[PDB]
Amino acid sequence: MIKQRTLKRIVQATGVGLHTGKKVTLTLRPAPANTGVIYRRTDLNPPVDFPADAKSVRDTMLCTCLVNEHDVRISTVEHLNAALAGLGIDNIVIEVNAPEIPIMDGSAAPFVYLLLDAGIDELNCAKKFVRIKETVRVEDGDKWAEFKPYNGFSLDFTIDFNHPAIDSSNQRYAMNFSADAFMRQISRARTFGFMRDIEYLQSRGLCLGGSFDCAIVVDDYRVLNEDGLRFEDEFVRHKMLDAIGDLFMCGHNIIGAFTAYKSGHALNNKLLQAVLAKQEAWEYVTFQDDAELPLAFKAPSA
Amino acid sequence: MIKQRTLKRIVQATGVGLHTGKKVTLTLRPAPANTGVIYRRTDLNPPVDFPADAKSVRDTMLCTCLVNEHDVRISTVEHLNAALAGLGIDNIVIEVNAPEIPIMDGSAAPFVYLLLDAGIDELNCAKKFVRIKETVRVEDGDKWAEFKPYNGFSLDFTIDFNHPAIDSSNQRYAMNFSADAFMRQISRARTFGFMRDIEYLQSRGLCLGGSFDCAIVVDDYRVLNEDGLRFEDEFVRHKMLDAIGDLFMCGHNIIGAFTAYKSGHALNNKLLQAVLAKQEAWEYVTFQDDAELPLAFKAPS
Amino acid sequence: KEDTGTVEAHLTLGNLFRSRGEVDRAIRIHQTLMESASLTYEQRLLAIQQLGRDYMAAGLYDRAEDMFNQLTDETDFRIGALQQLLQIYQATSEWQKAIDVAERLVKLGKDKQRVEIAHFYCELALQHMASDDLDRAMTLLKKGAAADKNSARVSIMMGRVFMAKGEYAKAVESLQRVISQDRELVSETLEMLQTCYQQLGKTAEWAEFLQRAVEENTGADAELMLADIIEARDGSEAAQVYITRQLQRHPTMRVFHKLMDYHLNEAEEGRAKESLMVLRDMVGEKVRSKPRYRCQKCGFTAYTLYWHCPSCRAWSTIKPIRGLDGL
Amino acid sequence: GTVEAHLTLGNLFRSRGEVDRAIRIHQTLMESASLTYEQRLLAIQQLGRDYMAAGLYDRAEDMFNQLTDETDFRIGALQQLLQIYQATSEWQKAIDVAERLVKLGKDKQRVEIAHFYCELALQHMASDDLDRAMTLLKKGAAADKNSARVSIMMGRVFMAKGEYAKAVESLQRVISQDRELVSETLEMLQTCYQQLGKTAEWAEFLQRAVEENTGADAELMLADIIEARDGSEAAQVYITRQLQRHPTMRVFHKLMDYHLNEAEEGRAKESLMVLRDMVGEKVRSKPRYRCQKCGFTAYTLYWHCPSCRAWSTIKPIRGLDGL
Ligand SMILES: CCCCCCCCCCC[C@@H](O)CC(=O)O[C@@H]1[C@@H](N)[C@@H](OP(=O)(O)OP(=O)(O)OC[C@H]2O[C@@H](n3ccc(=O)[nH]c3=O)[C@H](O)[C@@H]2O)O[C@H](CO)[C@H]1O
Ligand SMILES: CCCCCCCCCCC[C@@H](O)CC(=O)O[C@@H]1[C@@H](N)[C@@H](OP(=O)(O)OP(=O)(O)OC[C@H]2O[C@@H](n3ccc(=O)[nH]c3=O)[C@H](O)[C@@H]2O)O[C@H](CO)[C@H]1O
Ligand SMILES: [Zn+2]
Ligand SMILES: [Zn+2]
Ligand SMILES: [Zn+2]
Ligand SMILES: [Zn+2]
């Protein structure tokens, strides 16, 4: 019955926010069964609990950012959400004492490491799944996203940046979602960004904490990172990582086929809201995806 | 005493000359004891031979390039010489059917691979080293090279390229020369050029065969190669590789301390000619250098 | 690694060794795995491909060809092996075999490699022209044009060989085709089209073609040539209107330089002359400094038209730079 | 060796981005009881680098704090701690680490100490705490006398307080500290020479700055004042002289603007108008400040270059591009 999951220990990690550049102290904590991922601002008077819900998203400039009625915000929850979806965490309390989830290395690998270090305990209760009965679709001009019925969770992303440094790489990716598949193929894709649009973005108040150590700074004609790309086509891989993170905002893993072309955070959130609006287009189910089983590997001593 | 070495099998390799762009079918062949490395051109119906003597180097615009009296040239012999010096080959006939030793990947690693695949023999004859006796120094303005007496071969090269891409790496590297040390540290640094002056050099008849696959191309501010630098300070390491290759032009492994600053391919050859011109500065000796035996250590999990 | 299993672990270790530059160890690992008697056909082909890539990255080209010629007949690796062989035959300057491999690849479906066939044929014709043999150069140019009919290099080379032979009418016939074959490279033919028309003596048709070229937005070269001929045709001051009009639609440094020169030629002297001197000494001091041709795949900038861009090694990518910077 | 078999697989895994595996390998090696002291320190350093690459700064700091007492690793550990404290906007500790590094020999960290003090002052500035801002800037000046940021910040603080004589006295030091950045002071300096009331000294200083090839901004300001003083003719003469001696697109646009005012109406004037419409757009579109270590071009002065993260390496672009 798949069974719900949570953490075993209160696991912390400091970082530098990508879109604010302020020191942040992420503190993942366990929760009982039937709690859902609830984000929490802790530096505020009382706390400001943001129950993960597609409607909370109200700012999608370059980071799916929660905003309650009082303008208290927690930005850049895309990658942490992607990690939680990868490990299938349904009950976890995320606390940040600064108004944004840290960035770590610009991917979900650090968050996967933190969650695994905490340990994925399994609770005694069925795991709620959002199964897509009827095909739904949303469009934003030349960008579009589409949810289709499926006996699983499959993603199919395409990008087109008309950029000499990104077109050379693979521009289409597709997979059947699974804990091991996510951990091995998508958890490492970095936060690709262009060097030309940094002066402007930093002026506007975004990407104040981004540096070569947490992004693929692509200049006008080539990737500027010394190491290079972790994957030969990690731009689309990271875009699908952001897609998983955005789609997890509903609080539960989704069952369906998600096909996207040039989708962003705004489009993914709009698609999720559209699906959740049609009461007949989605239903609650259990035991539809083969998550878990993060197989270990040999540890030779030499 | 250290024994002279040659190859056990004739070994071929077809590459592209860096400074000509032609297809060169390099062929390394063994020679008997007491013959010295001799370069040779094969496309010429009468085969023409260049004995390895410092005086042979006559054009050094960007690469130590042998030239005889009739203007028959074998350019870019500064990397193959580097590999031979690293492995201490004393008798070998190098043949090229086009006027340039190939460049391979820019470094001297492919030549070490070719020589090791050929297999290095040990002739039953003494190995002549050219050991220095008196300090000899030559300067070309700011650039200066210096040989000092020493019980071995030790290089202390330096570089001062006023360029943001080369100034962030150690502009100094010193090592105690030895076959294993050479094969491990210096025998992979690639030839590095600037993309700013490639439109010009190719117009002057140089760097025609160059490309990202056989050089480190540092643009105005950073290294453009997708792989990146093999080391952290590959530039000085390759400059010292060129230094070893150029110093090998005397035909024998040299013994001493070679300290250089901004030394090119002309200054090294000038230093070698000056050293060999003084009869009281150098002498032929035997068995005075560190081990030249490669170590097959790598065997991890 | 060495803890990821076998065979595939060997392949990953060899790839890492090649990337780090330790070429000898990469070949040693790949060859040891290939010589293993416990490998399957698919694994042997994978090993041979990796060994060929190792040799190619180490510069030993004939060994790379030997290790890649064994994958062309294999369905899985045919296209990749042929691509690598095409790269080898490009680098080692063997144009005929490169053409043969490109024809194989185009027969296999990849139709993008027809421009490269035309360029290889043009390179062979250039080699022949270096030995003063125009007939064979024309034959190779005709074959290349038959291979691809949307290559400006073939037309320019045909014009060059015709001018060498003296068939100037055919030289014009071939050169003018570049207008329809590729607009961005029109400026390359004007230097020779002028000579062709001068030898033919059809000055009126030369002016007509220049007018058409400028109306078609060919570049600053056509505008300058047309203005130069007009100055002699119908005076300077009276005919300065045309340069002014062409200026407004497509202003460029190379154009206003001529207008400043015209102002200098007929001026009222005094402070205005001193100004129009200090300027017209500066626009002209960055008209020659700025690069004229740029590669639209890797940003390479050069003062001459490199058909084979040195950086990315892509054929027919360097084109004139347009907009307040040159042609 | 067996130990060196680890710390090379771990480095590979970290480079590939699989921090979950590199950290695991290094931690397992560290937990082993067979590690010698030096090997244990090497493992600690590798684990700290793993954490820093993965972005878990609170753990990289903890790991690197175990190496500051070991003679061999003191430089590396302190440098990594400085990078961590710069990254996570914590300057009051970055200053301590940099001062320890200075005491341990590295004398090129005085610039970064001055910049940390300036950043702290900036934090205390904008909250109307100018007294502590000035105190911190004075400390930074004491830690380095060859920093232009300290002088400019002190000028700003004096201007906010109101003491303009001291403002000009401090601002003028930029010429002796770093000439390339003098163009930054001019704007501010102008105000402190206008409301102060010393116009003659302002003109004299502008003339001196121009003669010292200060830049295009100084030349333009000098041309404007010469115009307002002695008519447009003298201004045009001076601008022509400076353009011939020092060519800059901005001065070229100024010369075009002065030419337009003196020109008989005609289609030539309209051609000059369109030339202005293009050249002014180009000059307003070109970058102003460029970094001298990574080729980053920004339209406003960045003290901490975003790309190479090196302090005080962004200087005004000099030549035919901009200033
Ligand atoms: C100097 C030292 C520098 C140090 C480090 C700097 C970097 C730091 C890391 C963060 C950088 C950020 O800057 C994030 C960053 O660069 O990535 C975002 C990325 N997510 C996505 O944008 P996103 O979906 O968030 O939001 P938009 O509403 O803007 O998307 C709609 C708009 O984007 C176009 N679009 C969108 C998606 C697609 O598939 N194709 C495509 O064309 C679409 O045509 C329209 O124009 O597209 C862009 C692709 O990198 C960026 O904006
Ligand atoms: C599209 C991309 C296609 C691929 C292009 C990439 C390259 C492949 C093509 C082959 C290029 C080769 O040729 C390698 C190449 O370019 O590197 C040569 C290199 N050997 C050496 O050459 P050389 O010894 O003759 O010195 P120069 O006088 O020429 O150097 C001038 C000034 O440099 C200072 N200086 C000089 C020497 C020294 O020891 N120290 C030092 O500081 C000194 O101030 C002097 O005045 O110096 C330079 C350093 O890379 C280059 O010239
Ligand atoms: Zn993202
Ligand atoms: Zn070299
Ligand atoms: Zn290119
Ligand atoms: Zn910088």
# chains A, B, ... in the order shown; residues from 1 in each chain; ligands from 1
call {"tool": "select_by_dssp", "arguments": {"residues": "stretch 12-213 of chain B", "states": "strand (DSSP E)", "output": "compact mmCIF listing (two decimals) with N, CA, C and O atoms, in the first residue's frame"}}
result
# COMPACT_ATOMS: atom_id res chain seq x y z
N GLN B 12 54.72 3.34 -35.50
CA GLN B 12 54.22 4.41 -36.34
C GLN B 12 53.11 5.17 -35.63
O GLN B 12 52.51 4.69 -34.66
N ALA B 13 52.83 6.36 -36.14
CA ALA B 13 51.71 7.16 -35.67
C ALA B 13 51.44 8.29 -36.65
O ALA B 13 52.35 9.06 -36.98
N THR B 14 50.21 8.40 -37.13
CA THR B 14 49.85 9.39 -38.14
C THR B 14 49.06 10.50 -37.46
O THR B 14 47.93 10.30 -37.03
N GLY B 15 49.67 11.68 -37.38
CA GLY B 15 49.02 12.83 -36.79
C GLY B 15 48.98 14.00 -37.74
O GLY B 15 49.29 13.84 -38.93
N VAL B 16 48.62 15.17 -37.24
CA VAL B 16 48.58 16.39 -38.04
C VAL B 16 49.55 17.39 -37.43
O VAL B 16 49.49 17.67 -36.23
N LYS B 23 49.48 16.01 -42.91
CA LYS B 23 49.35 14.70 -42.27
C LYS B 23 50.73 14.06 -42.23
O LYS B 23 51.29 13.72 -43.28
N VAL B 24 51.27 13.89 -41.03
CA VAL B 24 52.63 13.38 -40.84
C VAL B 24 52.54 11.97 -40.30
O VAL B 24 51.88 11.72 -39.29
N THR B 25 53.23 11.04 -40.97
CA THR B 25 53.29 9.64 -40.54
C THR B 25 54.60 9.42 -39.79
O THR B 25 55.55 8.83 -40.30
N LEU B 26 54.63 9.88 -38.55
CA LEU B 26 55.83 9.72 -37.73
C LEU B 26 56.13 8.24 -37.54
O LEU B 26 55.22 7.42 -37.40
N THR B 27 57.41 7.90 -37.55
CA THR B 27 57.86 6.52 -37.38
C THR B 27 59.12 6.52 -36.54
O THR B 27 60.15 7.05 -36.96
N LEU B 28 59.04 5.94 -35.35
CA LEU B 28 60.19 5.80 -34.47
C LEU B 28 60.79 4.41 -34.68
O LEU B 28 60.07 3.41 -34.62
N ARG B 29 62.10 4.36 -34.92
CA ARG B 29 62.79 3.13 -35.23
C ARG B 29 64.01 2.98 -34.33
O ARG B 29 64.65 3.97 -33.97
N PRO B 30 64.36 1.75 -33.95
CA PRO B 30 65.55 1.55 -33.11
C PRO B 30 66.83 1.79 -33.89
O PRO B 30 66.88 1.73 -35.12
N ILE B 38 68.50 10.72 -34.08
CA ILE B 38 68.67 11.33 -35.39
C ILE B 38 67.30 11.47 -36.03
O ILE B 38 66.57 10.48 -36.17
N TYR B 39 66.95 12.69 -36.41
CA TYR B 39 65.71 12.95 -37.12
C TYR B 39 65.94 12.75 -38.61
O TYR B 39 67.07 12.75 -39.09
N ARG B 40 64.85 12.55 -39.34
CA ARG B 40 64.98 12.18 -40.74
C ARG B 40 63.70 12.51 -41.48
O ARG B 40 62.61 12.40 -40.92
N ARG B 41 63.85 12.92 -42.74
CA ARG B 41 62.71 13.13 -43.63
C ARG B 41 62.69 12.00 -44.65
O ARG B 41 63.73 11.65 -45.22
N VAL B 48 67.18 12.41 -45.94
CA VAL B 48 67.95 13.47 -45.31
C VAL B 48 67.86 13.32 -43.80
O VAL B 48 66.77 13.12 -43.24
N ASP B 49 69.02 13.40 -43.14
CA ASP B 49 69.16 13.13 -41.72
C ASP B 49 69.64 14.38 -41.00
O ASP B 49 70.54 15.08 -41.47
N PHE B 50 69.04 14.64 -39.84
CA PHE B 50 69.48 15.69 -38.92
C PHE B 50 70.01 15.02 -37.66
O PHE B 50 69.23 14.50 -36.86
N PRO B 51 71.33 14.97 -37.46
CA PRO B 51 71.84 14.59 -36.14
C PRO B 51 71.42 15.61 -35.10
O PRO B 51 71.32 16.80 -35.38
N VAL B 57 69.11 23.57 -34.66
CA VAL B 57 67.98 24.46 -34.46
C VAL B 57 68.33 25.83 -35.04
O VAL B 57 69.26 26.49 -34.56
N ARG B 58 67.59 26.25 -36.06
CA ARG B 58 67.85 27.52 -36.72
C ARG B 58 66.62 28.41 -36.84
O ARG B 58 66.78 29.62 -37.00
N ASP B 59 65.41 27.85 -36.78
CA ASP B 59 64.18 28.64 -36.75
C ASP B 59 63.42 28.27 -35.49
O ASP B 59 63.11 27.09 -35.27
N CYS B 65 62.71 24.09 -34.34
CA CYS B 65 62.54 23.50 -35.67
C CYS B 65 63.90 23.34 -36.32
O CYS B 65 64.55 24.33 -36.66
N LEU B 66 64.33 22.09 -36.50
CA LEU B 66 65.61 21.82 -37.12
C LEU B 66 65.63 22.35 -38.55
O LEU B 66 64.61 22.37 -39.24
N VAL B 67 66.81 22.80 -38.98
CA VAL B 67 67.00 23.26 -40.35
C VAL B 67 68.45 23.01 -40.74
O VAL B 67 69.37 23.44 -40.03
N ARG B 73 63.34 21.34 -43.21
CA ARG B 73 62.96 21.61 -41.83
C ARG B 73 62.11 20.48 -41.26
O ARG B 73 61.35 19.83 -41.96
N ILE B 74 62.28 20.26 -39.95
CA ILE B 74 61.46 19.34 -39.17
C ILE B 74 61.05 20.11 -37.92
O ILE B 74 61.81 20.16 -36.95
N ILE B 92 67.87 6.56 -31.32
CA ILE B 92 66.58 6.35 -31.97
C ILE B 92 66.57 7.14 -33.27
O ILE B 92 67.05 8.28 -33.32
N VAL B 93 66.01 6.54 -34.31
CA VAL B 93 65.88 7.18 -35.61
C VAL B 93 64.42 7.57 -35.77
O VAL B 93 63.54 6.71 -35.87
N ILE B 94 64.15 8.87 -35.77
CA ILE B 94 62.81 9.40 -35.95
C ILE B 94 62.65 9.77 -37.41
O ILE B 94 63.52 10.43 -37.98
N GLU B 95 61.56 9.33 -38.03
CA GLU B 95 61.31 9.58 -39.44
C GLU B 95 59.97 10.28 -39.58
O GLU B 95 58.98 9.85 -38.99
N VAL B 96 59.94 11.35 -40.37
CA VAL B 96 58.70 12.05 -40.68
C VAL B 96 58.66 12.29 -42.18
O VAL B 96 59.61 12.84 -42.75
N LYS B 128 76.05 8.30 -21.88
CA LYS B 128 76.79 9.55 -21.76
C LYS B 128 75.85 10.67 -21.32
O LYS B 128 74.90 11.01 -22.03
N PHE B 129 76.11 11.24 -20.15
CA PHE B 129 75.45 12.45 -19.70
C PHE B 129 76.36 13.64 -19.95
O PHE B 129 77.59 13.50 -19.97
N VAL B 130 75.77 14.81 -20.13
CA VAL B 130 76.52 16.05 -20.33
C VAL B 130 76.38 16.84 -19.03
O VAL B 130 75.43 17.60 -18.83
N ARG B 131 77.34 16.66 -18.13
CA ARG B 131 77.28 17.27 -16.80
C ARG B 131 77.98 18.63 -16.83
O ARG B 131 79.09 18.75 -17.34
N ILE B 132 77.32 19.63 -16.26
CA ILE B 132 77.86 20.99 -16.22
C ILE B 132 78.92 21.07 -15.14
O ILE B 132 78.94 20.29 -14.18
N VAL B 136 76.58 28.91 -16.19
CA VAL B 136 76.47 29.62 -17.46
C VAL B 136 75.05 30.17 -17.57
O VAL B 136 74.08 29.41 -17.47
N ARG B 137 74.93 31.47 -17.79
CA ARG B 137 73.64 32.14 -17.81
C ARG B 137 73.55 33.04 -19.04
O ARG B 137 74.54 33.66 -19.44
N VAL B 138 72.36 33.09 -19.63
CA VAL B 138 72.11 33.91 -20.82
C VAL B 138 70.76 34.59 -20.66
O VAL B 138 69.78 33.96 -20.25
N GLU B 139 70.71 35.87 -21.02
CA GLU B 139 69.51 36.67 -20.88
C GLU B 139 69.14 37.30 -22.22
O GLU B 139 70.01 37.58 -23.05
N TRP B 144 65.58 35.10 -18.82
CA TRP B 144 66.93 34.65 -18.50
C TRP B 144 66.92 33.18 -18.13
O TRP B 144 66.07 32.73 -17.36
N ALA B 145 67.89 32.44 -18.66
CA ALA B 145 68.08 31.03 -18.35
C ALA B 145 69.47 30.83 -17.77
O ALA B 145 70.40 31.57 -18.10
N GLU B 146 69.60 29.84 -16.90
CA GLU B 146 70.84 29.64 -16.15
C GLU B 146 71.04 28.17 -15.85
O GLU B 146 70.13 27.51 -15.34
N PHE B 147 72.23 27.66 -16.16
CA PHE B 147 72.64 26.31 -15.80
C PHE B 147 73.70 26.39 -14.71
O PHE B 147 74.66 27.16 -14.82
N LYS B 148 73.52 25.59 -13.67
CA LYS B 148 74.43 25.55 -12.53
C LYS B 148 74.84 24.11 -12.26
O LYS B 148 74.07 23.18 -12.52
N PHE B 153 69.46 16.45 -12.53
CA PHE B 153 68.79 17.38 -13.43
C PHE B 153 67.57 17.93 -12.71
O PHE B 153 66.63 17.19 -12.41
N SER B 154 67.59 19.23 -12.42
CA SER B 154 66.51 19.89 -11.70
C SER B 154 66.11 21.17 -12.42
O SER B 154 66.95 22.04 -12.66
N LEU B 155 64.82 21.30 -12.72
CA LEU B 155 64.28 22.44 -13.45
C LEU B 155 63.54 23.36 -12.49
O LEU B 155 62.89 22.90 -11.55
N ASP B 156 63.64 24.67 -12.73
CA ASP B 156 63.01 25.68 -11.88
C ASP B 156 62.36 26.77 -12.73
O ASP B 156 62.57 27.96 -12.52
N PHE B 157 61.56 26.36 -13.71
CA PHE B 157 61.03 27.30 -14.69
C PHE B 157 60.11 28.33 -14.04
O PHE B 157 59.63 28.16 -12.92
N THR B 158 59.86 29.41 -14.78
CA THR B 158 58.99 30.50 -14.34
C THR B 158 58.32 31.11 -15.56
O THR B 158 58.82 31.00 -16.69
N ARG B 172 55.28 29.12 -11.17
CA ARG B 172 56.58 28.56 -10.81
C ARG B 172 56.43 27.08 -10.51
O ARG B 172 55.54 26.69 -9.75
N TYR B 173 57.28 26.24 -11.10
CA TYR B 173 57.24 24.82 -10.82
C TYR B 173 58.66 24.28 -10.86
O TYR B 173 59.39 24.53 -11.82
N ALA B 174 59.05 23.56 -9.81
CA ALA B 174 60.38 22.98 -9.70
C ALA B 174 60.25 21.50 -9.36
O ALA B 174 59.42 21.11 -8.54
N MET B 175 61.09 20.68 -9.99
CA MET B 175 61.04 19.24 -9.78
C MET B 175 62.45 18.68 -9.93
O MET B 175 63.30 19.25 -10.61
N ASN B 176 62.67 17.53 -9.28
CA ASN B 176 63.89 16.75 -9.48
C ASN B 176 63.62 15.75 -10.60
O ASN B 176 62.82 14.82 -10.43
N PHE B 192 49.56 25.62 -24.96
CA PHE B 192 48.52 26.61 -24.71
C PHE B 192 48.73 27.82 -25.61
O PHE B 192 49.84 28.35 -25.69
N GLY B 193 47.66 28.23 -26.29
CA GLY B 193 47.70 29.40 -27.14
C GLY B 193 46.51 30.30 -26.86
O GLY B 193 45.57 29.92 -26.15
N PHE B 194 46.56 31.49 -27.43
CA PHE B 194 45.56 32.52 -27.20
C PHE B 194 44.68 32.66 -28.44
O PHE B 194 45.19 32.81 -29.55
call {"tool": "select_by_dssp", "arguments": {"residues": "stretch 9-134 of chain B", "states": "alpha helix (DSSP H)", "output": "ChimeraX atom specification"}}
result
/B:80-87,109-118
call {"tool": "write_last_selection", "arguments": {"atoms": "C-alpha atoms", "output": "CSV table (one decimal), in the first residue's frame"}}
result
chain,number,residue,atom,x,y,z
B,80,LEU,CA,58.9,14.3,-28.9
B,81,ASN,CA,62.3,15.4,-27.4
B,82,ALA,CA,60.5,15.9,-24.1
B,83,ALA,CA,59.2,12.3,-24.1
B,84,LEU,CA,62.6,10.9,-25.1
B,85,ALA,CA,64.3,12.9,-22.4
B,86,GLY,CA,61.7,11.7,-19.9
B,87,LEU,CA,62.3,8.1,-20.8
B,109,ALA,CA,51.7,12.0,-23.4
B,110,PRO,CA,50.9,10.3,-26.7
B,111,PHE,CA,54.6,10.1,-27.5
B,112,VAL,CA,55.2,8.4,-24.1
B,113,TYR,CA,52.4,6.0,-25.0
B,114,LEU,CA,54.0,5.2,-28.4
B,115,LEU,CA,57.5,4.7,-26.9
B,116,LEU,CA,56.2,2.5,-24.0
B,117,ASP,CA,54.1,0.4,-26.4
B,118,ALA,CA,57.3,0.1,-28.5
call {"tool": "residues_around", "arguments": {"residues": "residue C:96", "least_positions_apart": "6", "cutoff": "10 Å", "atoms": "only C-alpha atoms", "output": "VMD selection string"}}
result
chain C and resid 89 to 90 102 117 120 to 121 123 to 124
call {"tool": "interface_residues", "arguments": {"of": "chain A", "to": "chain D", "cutoff": "6 Å", "atoms": "only C-alpha atoms", "output": "PDB file with N, CA and C atoms, in the first residue's frame"}}
result
ATOM      1  N   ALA A  13      20.360  22.381   8.138  1.00  0.00           N
ATOM      2  CA  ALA A  13      21.403  22.765   7.199  1.00  0.00           C
ATOM      3  C   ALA A  13      21.336  24.259   6.920  1.00  0.00           C
ATOM      4  N   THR A  14      22.464  24.945   7.040  1.00  0.00           N
ATOM      5  CA  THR A  14      22.527  26.358   6.710  1.00  0.00           C
ATOM      6  C   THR A  14      22.849  26.526   5.231  1.00  0.00           C
ATOM      7  N   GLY A  15      22.514  27.696   4.706  1.00  0.00           N
ATOM      8  CA  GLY A  15      22.790  27.975   3.311  1.00  0.00           C
ATOM      9  C   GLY A  15      22.614  29.446   3.026  1.00  0.00           C
ATOM     10  N   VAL A  16      22.869  29.807   1.775  1.00  0.00           N
ATOM     11  CA  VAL A  16      22.685  31.169   1.292  1.00  0.00           C
ATOM     12  C   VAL A  16      21.518  31.157   0.316  1.00  0.00           C
ATOM     13  N   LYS A  23      21.646  34.557   4.863  1.00  0.00           N
ATOM     14  CA  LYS A  23      21.883  33.299   5.553  1.00  0.00           C
ATOM     15  C   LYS A  23      20.559  32.707   6.016  1.00  0.00           C
ATOM     16  N   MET A 104      21.736  25.556  -1.619  1.00  0.00           N
ATOM     17  CA  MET A 104      22.710  24.464  -1.589  1.00  0.00           C
ATOM     18  C   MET A 104      23.563  24.581  -2.847  1.00  0.00           C
ATOM     19  N   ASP A 105      23.571  23.594  -3.743  1.00  0.00           N
ATOM     20  CA  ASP A 105      24.367  23.647  -4.963  1.00  0.00           C
ATOM     21  C   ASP A 105      23.526  23.934  -6.201  1.00  0.00           C
ATOM     22  N   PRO A 110      21.824  18.006  -2.626  1.00  0.00           N
ATOM     23  CA  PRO A 110      21.993  18.262  -1.188  1.00  0.00           C
ATOM     24  C   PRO A 110      20.751  17.959  -0.369  1.00  0.00           C
ATOM     25  N   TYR A 113      20.437  14.297   0.042  1.00  0.00           N
ATOM     26  CA  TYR A 113      21.396  13.845   1.044  1.00  0.00           C
ATOM     27  C   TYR A 113      20.883  14.122   2.450  1.00  0.00           C
ATOM     28  N   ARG A 230      27.189  18.441 -15.420  1.00  0.00           N
ATOM     29  CA  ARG A 230      27.155  17.116 -14.811  1.00  0.00           C
ATOM     30  C   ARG A 230      26.592  16.089 -15.784  1.00  0.00           C
ATOM     31  N   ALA A 302      39.633  -1.680  -0.227  1.00  0.00           N
ATOM     32  CA  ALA A 302      40.913  -1.620  -0.926  1.00  0.00           C
ATOM     33  C   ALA A 302      42.058  -2.020  -0.004  1.00  0.00           C
TER      34      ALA A 302
END
call {"tool": "residues_around", "arguments": {"residues": "residue A:61", "least_positions_apart": "4", "cutoff": "9 Å", "atoms": "only C-alpha atoms", "output": "compact mmCIF listing (two decimals) with N, CA and C atoms, in the first residue's frame"}}
result
# COMPACT_ATOMS: atom_id res chain seq x y z
N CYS A 65 7.17 30.60 -5.08
CA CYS A 65 7.32 31.23 -3.78
C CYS A 65 5.96 31.31 -3.10
N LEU A 206 16.65 39.88 -7.51
CA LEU A 206 16.67 38.44 -7.69
C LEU A 206 18.08 37.97 -8.02
N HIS A 265 7.65 28.08 -13.99
CA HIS A 265 7.00 27.92 -12.70
C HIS A 265 5.55 28.39 -12.76
N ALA A 266 5.31 29.53 -13.40
CA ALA A 266 3.95 30.04 -13.51
C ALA A 266 3.05 29.06 -14.25
call {"tool": "atom_distance", "arguments": {"atom1": "atom CA of residue B:189", "atom2": "atom CA of residue B:241"}}
result
7.6 Å
call {"tool": "residues_near_ligand", "arguments": {"ligand": "ligand 4", "cutoff": "8 Å", "atoms": "only C-alpha atoms and all ligand atoms", "output": "list in words"}}
result
residues 63, 76, 78, 79, 106, 107, 190, 191, 192, 238, 239, 241 and 242 of chain B
call {"tool": "closest_residue", "arguments": {"among": "B:18, B:166, B:103, B:260", "to": "chain D", "atoms": "only C-alpha atoms"}}
result
B:166
call {"tool": "residues_near_ligand", "arguments": {"ligand": "ligand 5", "cutoff": "6 Å", "atoms": "only C-alpha atoms and all ligand atoms", "output": "list in words"}}
result
residues 295, 297, 298, 300, 309, 311 and 312 of chain C
call {"tool": "closest_atom_pairs", "arguments": {"of": "chain B", "to": "chain D", "cutoff": "10 Å", "atoms": "only C-alpha atoms", "output": "CSV"}}
result
residue,atom,partner,partner_atom,distance
B:163,CA,D:293,CA,8.8
B:164,CA,D:293,CA,5.3
B:165,CA,D:293,CA,7.8
B:167,CA,D:293,CA,9.2
B:168,CA,D:293,CA,9.0
B:220,CA,D:295,CA,8.0
B:221,CA,D:294,CA,5.6
B:222,CA,D:294,CA,7.0
B:297,CA,D:1,CA,9.6
B:298,CA,D:1,CA,9.2
B:299,CA,D:1,CA,9.1
B:300,CA,D:5,CA,6.2
B:301,CA,D:5,CA,7.1
call {"tool": "closest_residue", "arguments": {"among": "D:253, D:26, D:106, D:156", "to": "chain C", "atoms": "only C-alpha atoms"}}
result
D:253
call {"tool": "atom_distance", "arguments": {"atom1": "atom CA of residue D:250", "atom2": "atom CA of residue D:215"}}
result
10.3 Å
